[PDB]
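Single chain ahead, by itself, as C-alpha cells, in the form deposited in one PDB entry.
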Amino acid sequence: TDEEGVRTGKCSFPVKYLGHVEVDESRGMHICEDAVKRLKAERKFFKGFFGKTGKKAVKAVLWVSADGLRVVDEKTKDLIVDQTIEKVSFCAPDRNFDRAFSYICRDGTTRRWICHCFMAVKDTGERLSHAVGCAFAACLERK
C-alpha cells in the first residue's frame, strides 16, 4: 500500500504544516513532543492578534519519496519545503498528540538540528512516520 507508493513517488498525505523549530538533539521522542508543544503555544499565544505573525500554520500536501520530503501548499502550490532525505536525522509521531508527526534534520549552514512538525488531517501520525521510514529504508538500502 503506502510502502509501494513511496518507492514509486506516488505516496501522499494531506497535512497542516505547523513549521520548524530548533531542537537540541538529533533524535528523541520527547525532543519531538517538545517541538510540537512550542509551535502549538506560539500559534496559540498569538491568537486574536490581527496581522501577520511570523508563525502561522499552513494547510498543505506532503509528498514522501526516497529522494526527499516535499510539502506543497495546496493553496498556492508553491514548493514550501524540499528536504533531502540524507540530511534527515529522525522522524516520529507524538505520544500525547495522536495526529502529530515531525522529523528532525541537520542544517549544515546554520550547523544546527531542526525539528519540523505537521498535523495530519485524515490520517494518524504513525502512518506518516511509517511512510517516512520507508523513505529512510529505501535510501539506506541501495547506498
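Shifts are known only where both forms have a C-alpha. Throughout, rigid core stands for the largest set of C-alpha atoms superposing within 1.5 Å between the two forms. Throughout, we count residues from 1 along the sequence that is shown.
Although it is not shown, the form deposited in another entry is what the next lines describe.
For the residues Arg95, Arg106, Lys40, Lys55, superposed on the rigid core between the shown form and the other one, a C-alpha shift of 2 angstroms or more shows up only at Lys55. In the other form, the CA atoms of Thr53 and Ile114 move farther apart by at least 3 angstroms compared with the shown structure. Note: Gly51-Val121 Cα separation is 3 Å or more shorter in the other form than here. Residues present in both forms were considered; between the shown form and the other one, the rigid-core fit shows Cα displacements of 2 Å or more across three or more consecutive positions only at 47-56.
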